[PDB]
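**Q** Those protein sequences? They're chains A and B, same order as listed.
For the first sequence, the positions run 44 to 124, 131 to 144 when the UniProt record's numbering is used.
For the second sequence, the positions run 21 to 124, 131 to 360, 392 to 549 when the UniProt record's numbering is used.
Structure in structure tokens, see below.
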Amino acid sequence: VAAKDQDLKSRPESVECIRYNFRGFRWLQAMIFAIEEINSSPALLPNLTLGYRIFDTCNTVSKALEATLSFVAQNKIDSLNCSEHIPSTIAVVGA
Amino acid sequence: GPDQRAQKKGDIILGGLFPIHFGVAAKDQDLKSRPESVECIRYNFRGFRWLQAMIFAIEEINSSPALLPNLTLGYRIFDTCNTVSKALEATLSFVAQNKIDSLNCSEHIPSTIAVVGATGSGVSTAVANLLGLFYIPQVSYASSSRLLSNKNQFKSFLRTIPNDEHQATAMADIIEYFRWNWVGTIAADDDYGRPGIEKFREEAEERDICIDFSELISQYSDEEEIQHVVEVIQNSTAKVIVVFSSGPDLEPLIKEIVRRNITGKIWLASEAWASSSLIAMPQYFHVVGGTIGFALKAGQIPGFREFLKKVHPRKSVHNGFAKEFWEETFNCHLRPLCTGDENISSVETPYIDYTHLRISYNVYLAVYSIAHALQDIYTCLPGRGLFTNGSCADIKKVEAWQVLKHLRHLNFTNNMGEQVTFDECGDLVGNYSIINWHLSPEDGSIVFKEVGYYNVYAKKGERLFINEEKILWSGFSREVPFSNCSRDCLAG
Ligand SMILES: *[C@@H]1O[C@H](CO)[C@@H](O[C@@H]2O[C@H](CO)[C@@H](O)[C@H](O)[C@H]2NC(C)=O)[C@H](O)[C@H]1NC(C)=O
Ligand SMILES: *[C@@H]1O[C@H](CO)[C@@H](O[C@@H]2O[C@H](CO)[C@@H](O)[C@H](O)[C@H]2NC(C)=O)[C@H](O)[C@H]1NC(C)=O
Ligand SMILES: O=C(O)[C@@H]1Cc2c([nH]c3ccccc23)CN1
Ligand SMILES: *[C@@H]1O[C@H](CO)[C@@H](O)[C@H](O)[C@H]1NC(C)=O
Ligand SMILES: *[C@@H]1O[C@H](CO)[C@@H](O)[C@H](O)[C@H]1NC(C)=O
Ligand SMILES: *[C@@H]1O[C@H](CO)[C@@H](O)[C@H](O)[C@H]1NC(C)=O
Ligand SMILES: [Ca+2]
Ligand SMILES: [Ca+2]
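Okay, here's the thing in structure tokens:
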């Protein structure tokens with residue numbers, strides 16, 4: 044991330060990721076490739092399609108925690124406490 | 021959110037995390053059925069006293085016109101049970117409004139402005155990640171791991187308890203003072219034990235001290251690991267053992283050592299178990315007697331004991347923890394049926410039986426630090442301010458990050474006449490008190506006698522003072538033991 048130190052004189056804003064990791068992009072493409080191959084292959088899990096929601100971590104705990112909070116939204120609503134548009138995540142790959 | 025809480029509404033809401041229990045049940049999850057909730061078992065009267073200290077501080081602030089007039093503080097306090105999962109449920113409860121603002131329905135959701143907690147360092151680490159996600163200040167009273175001094179990962183963490191670096195240096199100084207060079211080390215396999223024991227290893231390497239063994243223990247350790255550690259201790263010829271562990275995490279090992287009746291070992295304790303009731307009971311004085319340990323500076327809270335004695339399972343409606351406290355204290359159920398008429402003085406528990414207030418004073422100071430930050434928010438001249446164009450934050454519409462900014466620039470005065478500030482790492486500096494474990498001649502319990510101190514404000518090599526005339530090695534002997542690997546070579 045961008046090491047722009049915040050003095051908290053204004054409302055803090057989301058940090059910015061700086062350098063591009065091509066290897067991580069290749070790993071993400073590997074995940075997508077595996078999912079598509081599974082969907083096409085009828086031998087494994089027929090009549091069923093696997094989806095995905097993949098985020099960025101930038102080797103930072105905060106970004107991965109925001110993504111994880113997005114992952115557990117429905118379970119969070121069930122435990123702590131509306132719309133059913135929230136998709137339940139069966140498993141997470143990472144980090 | 022979780023139940024059994026302690027809630028009271030006010031204009032501004034503070035969060036709280038305290039160990040009302042020692043730990044959760046160890047029922048394994050076979051996962052053949054849907055996982056249920058986990059149950060906490062052992063009741064911690066000391067953590068309940070700390071919770072009462074926070075509530076007492078809040079009530080004292082709410083009664084004083086000198087601090088935050090026309091504003092009422094509130095509190096929403098939960099139990100952690102020394103477990104990350106319970107604390108994370110409570111923290112998810114804390115940040116519901118901010119979390120739903122970031123990710124994305132009732133407006134009644136109370137917004138926590140600051141959190142007080144927690145005791146452990148792993149628990150504080152998890153809660154600190156979650157709270158620093160939203161810049162909610164978190165002032166802890168007992169977490170002392172150096173890993174929490176990293177501000178790149180923990181943006182909003184503050185402490186009223188000193189760091190553990192000076193304590194490891196103090197242990198090295200003590201070992202050097204009594205001319206030992208052949209020692210052993212034990213630590214808890216957590217974020218508190220490992221950094222401290224590594225710092226001690228570095229200091230001992232600098233002071234020409236050899237270490238025979240280095241073992242790691244946990245409160246969930248199986249039998250195999252316990253016997254491995256015990257055999258490691260038993261084979262070693264070193265009599266001095268340095269322990270960085272808490273009371274709950276050290277109990278199985280001490281029990282197993284007592285079973286085999288292993289004697290003659292000098293125990294150097296850290297602040298976590300140097301005053302712990304799970305290690306300091308008179309059925310182990312043949313093993314842990316003569317323990318040399320550390321303690322924090324005490325504090326004076328006038329009127330705290332009287333408030334502690336006003337606990338009642340019916341009158342105290344804001345504290346949902348009073349019912350179980352009464353049931354455990356009197357062993358009744360509301392087991393004889395409770396009547397709500399007895400005296401807390403009748404039963405001897407860590408709730409009222411205490412001599413100094415050290416962690417409780419830490420909770421007191423944390424609450425007052427947040428209060429003084431809010432006060433500085435209130436008494437803010439429009440010309441000069443810490444935010445953009447030197448403005449001032451609206452006290453009626455105060456946000457958590459503004460409280461964080463004021464806490465980063467905080468300088469106030471205690472009730473005892475001392476200046477309270479936080480450094481760049483949000484840490485606070487304090488003395489240390491050396492104590493030794495003696496046997497009580499009358500009651501038969503374990504007495505903590507001060508035998509010296511550690512002056513952190515002095516220069517290196519002059520910070521330690523010990524009066525060995527007051528020490529009783531193994532509890533009875535006045536002869537300093539011998540803990541060198543080899544006998545000194547004579548002349549020629
Ligand atoms: C145990 O070993 C230590 C070595 O660290 C001994 O301490 C040294 O004692 C000599 C004797 O005069 C001093 O000159 C050194 O300065 C000491 N070194 C220290 C204190 O670090 C100690 O005497 C030994 N104890 C016994 C009982 O033999
Ligand atoms: C830590 O302990 C030392 C020693 O007890 C304190 O230093 C003493 O301070 C008092 C006044 O508070 C002086 O009268 C003594 O002469 C000091 N003794 C020394 C310097 O050896 C020190 O103030 C304590 N630190 C605190 C309370 O923060
Ligand atoms: O960081 C930690 O885990 C320890 C826990 C701890 C300390 N002092 C205590 C007294 C009683 C109970 C627990 C503790 C020091 N900080
Ligand atoms: C301690 O010594 C005995 C005797 O040689 C040995 O059997 C045992 O394994 C040793 N313990 C450890 C932990 O090495
Ligand atoms: C433990 O060993 C000590 C040392 O001799 C002895 O005095 C004590 O009676 C022993 N206790 C038990 C229960 O064996
Ligand atoms: C805090 O204020 C006191 C005055 O009460 C002053 O003596 C001290 O130097 C100040 N400390 C800091 C760190 O600003
Ligand atoms: Ca805890
Ligand atoms: Ca205790």
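Note that beta-carbon positions come from the ideal geometry of N, C-alpha and C, so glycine has one too.
Can you find the residues in the same chain that come closer than 8 Å, C-beta to C-beta, to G36/B, ignoring five residues on each side of it along the sequence?
**A** In the second sequence, counting from the first residue as 1, residue 36/B sits at position 16. So the list reads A26, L71, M74, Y95, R96, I97, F98, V141, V142, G143, once near-sequence residues are dropped.
**Q** Please determine, among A213/B, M307/B, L108/B, the residue with the shortest C-alpha to C-alpha distance to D500/B.
**A** As a working note, residue 500/B is residue 443 in the second sequence. When only C-alpha atoms are compared, the closest one is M307/B.
**Q** For the beta strand (DSSP E) holding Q164/B, just list the boundary residues, first then last.
**A** Indexing the second sequence from 1 puts residue 164/B at position 138. Per DSSP, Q164/B belongs to the beta strand (DSSP E) from 164-166.
**Q** Closer than 7 Å by beta-carbon distance: list the chain A residues that pair up with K119/B, in chain order.
**A** Taking the second sequence and counting its residues from 1, the one referred to as residue 119/B is at position 99. Chain A residues near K119/B: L112.
**Q** Please check if any C-beta of chain B sits within less than 8 Å of the C-beta of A144/A.
**A** Here residue 144/A refers to the residue found at position 95 when the first sequence is read from its first residue. It does not; no Cβ of chain B falls within 8 Å.
**Q** Here's a check: name, in chain order, each residue in its chain whose Cβ is nearer than 6 Å to the Cβ of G21/B, leaving out the five neighbours to either side.
**A** By one-based count along the second sequence, residue 21/B stands at place 1. So the qualifying residues of the chain are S113.
**Q** For a test of your reading of the model: does the CB of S170/B fall under 7 Å from any non-hydrogen atom of ligand 3? Yes or no.
**A** Here the question's residue 170/B lines up with position 144 in the second sequence. Yes, since a heavy atom of ligand 3 falls inside the 7 Å radius drawn around the Cβ of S170/B.
**Q** Leaving out five residues on either side along the sequence, give the residues of the same chain with a beta carbon under 6 Å from the beta carbon of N512/B.
**A** As a position in the second sequence, residue 512/B is number 455, starting the count at 1. Closer than 6 Å at Cβ, skipping near neighbours: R520.
**Q** If we cut at 8 Å on Cβ distances, does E109/A have a partner in chain B?
**A** Here residue 109/A refers to the residue found at position 66 of the first sequence. With 8 Å as the cut-off, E109/A counts as an interface residue toward chain B.
**Q** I503/B by DSSP, collapsed to three states: which one?
**A** The count along the second sequence starts at 1 and reaches residue 503/B at position 446. DSSP places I503/B in strand when its eight states are reduced to three.
**Q** Would you list, in chain order, the members of the stretch 91-104 of chain A that have their beta-carbon closer than 7 Å to a beta-carbon of chain B?
**A** Here the close residues are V104.
**Q** For the alpha helix (DSSP H) that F539/B lies in, which residues bound it at each end?
**A** Taking the second sequence and counting its residues from 1, the one referred to as residue 539/B is at position 482. Where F539/B is concerned, there is no enclosing alpha helix (DSSP H), given that its DSSP letter is neither H nor E.
**Q** Can you tell me whether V486/B is buried or exposed? The criterion is at least 16 other CB atoms within 10 Å of its CB, across all chains shown.
**A** As a working note, residue 486/B is residue 429 in the second sequence. Exposed, since its Cβ has fewer than 16 Cβ neighbours within 10 Å.
**Q** Work out the CA separation of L334/B and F42/B for me, nearest whole Å.
**A** Position 22 of the second sequence, counted from the first residue, corresponds to residue 42/B. Position 308 of the second sequence, counted from the first residue, corresponds to residue 334/B. Each residue's alpha carbon lies about 21 Å from the other.
**Q** Examine ligand 8 and report whether any of its heavy atoms sits within less than 7 Å of the Cβ of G158/B.
**A** Sequence index remark: in the second sequence, residue 158/B carries index 132 (1-based). Flag unset: Cβ of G158/B not near ligand 8.
**Q** Can you find the residues in the same chain that come closer than 7 Å, C-beta to C-beta, to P538/B, ignoring five residues on each side of it along the sequence?
**A** Start at 1 with the first residue of the second sequence, and residue 538/B comes out as number 481. Hits under 7 Å: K265, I292, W530.
**Q** Could you name the residues of the same chain whose beta carbon sits closer than 6 Å to that of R233/B, not counting the 5 residues immediately before and after it, in chain order?
**A** Reading the second sequence from its first residue, position 207 is the one you call residue 233/B. Taken in chain order, the residues that qualify are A198, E202.
**Q** Any idea what DSSP makes of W299/B, helix, strand or coil?
**A** Working through the second sequence from its first residue, we reach residue 299/B at position 273. Note: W299/B maps to coil in three-state DSSP.
**Q** Looking at the structure shown, is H413/B part of a helix, part of a strand, or coil, going by DSSP?
**A** The count along the second sequence starts at 1 and reaches residue 413/B at position 356. Residue state, collapsed to three classes: coil.
**Q** Which class does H359/B belong to by DSSP, given the choice of helix, strand or coil?
**A** As a working note, residue 359/B is residue 333 in the second sequence. Here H359/B sits in strand by DSSP.
**Q** Mind checking which residues open and close the alpha helix (DSSP H) that includes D275/B?
**A** Position 249 of the second sequence, counted from the start, is the residue given in the question as residue 275/B. Segment 273-286, the alpha helix (DSSP H) holding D275/B.
**Q** When the distance is taken between beta carbons, is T195/B closer than 8 Å to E229/B?
**A** Within the second sequence, residue 229/B is the residue found at index 203, counting from 1. Within the second sequence, residue 195/B is the residue found at index 169, counting from 1. Yes, these two residues count as a Cβ contact at 8 Å.
**Q** Go through its chain and collect everything with a Cβ distance to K106/A's Cβ below 7 Å, but skip five positions before and after it.
**A** Indexing the first sequence from 1 puts residue 106/A at position 63. Closer than 7 Å at the Cβ level, and outside the excluded window around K106/A, lie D99, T100.
**Q** Could you tell me which chain A residues have their CB closer than 7 Å to the CB of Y161/B, listed as they occur along the chain?
**A** Within the second sequence, the letter at position 135 stands for residue 161/B. Per Cβ cutoff of 7 Å: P55.
**Q** For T211/B, count neighbouring C-beta atoms within 10 Å of its own C-beta (all shown protein chains included) and say buried if the count is 16 or more, exposed if not.
**A** The residue given as residue 211/B occupies position 185 in the second sequence. Result: buried.
**Q** Return the CA-CA distance between residue 130/B and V424/B, expressed in angstroms with no decimal places.
**A** Missing from the coordinates is residue 130/B; the shown part of chain B jumps over it, going from 124 to 131.
**Q** Is it buried or exposed for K336/B, if we count other Cβ within 10 angstroms and need 16 for buried?
**A** Position 310 of the second sequence, counted from the start, is the residue given in the question as residue 336/B. That one is exposed.
**Q** Take the Cβ of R340/B as the centre, count every other Cβ of all protein chains shown within 10 Å, and call the residue buried at 16 or more, exposed below.
**A** Indexing the second sequence from 1 puts residue 340/B at position 314. With fewer than 16 Cβ atoms within 10 Å of its Cβ, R340/B is classed as exposed.
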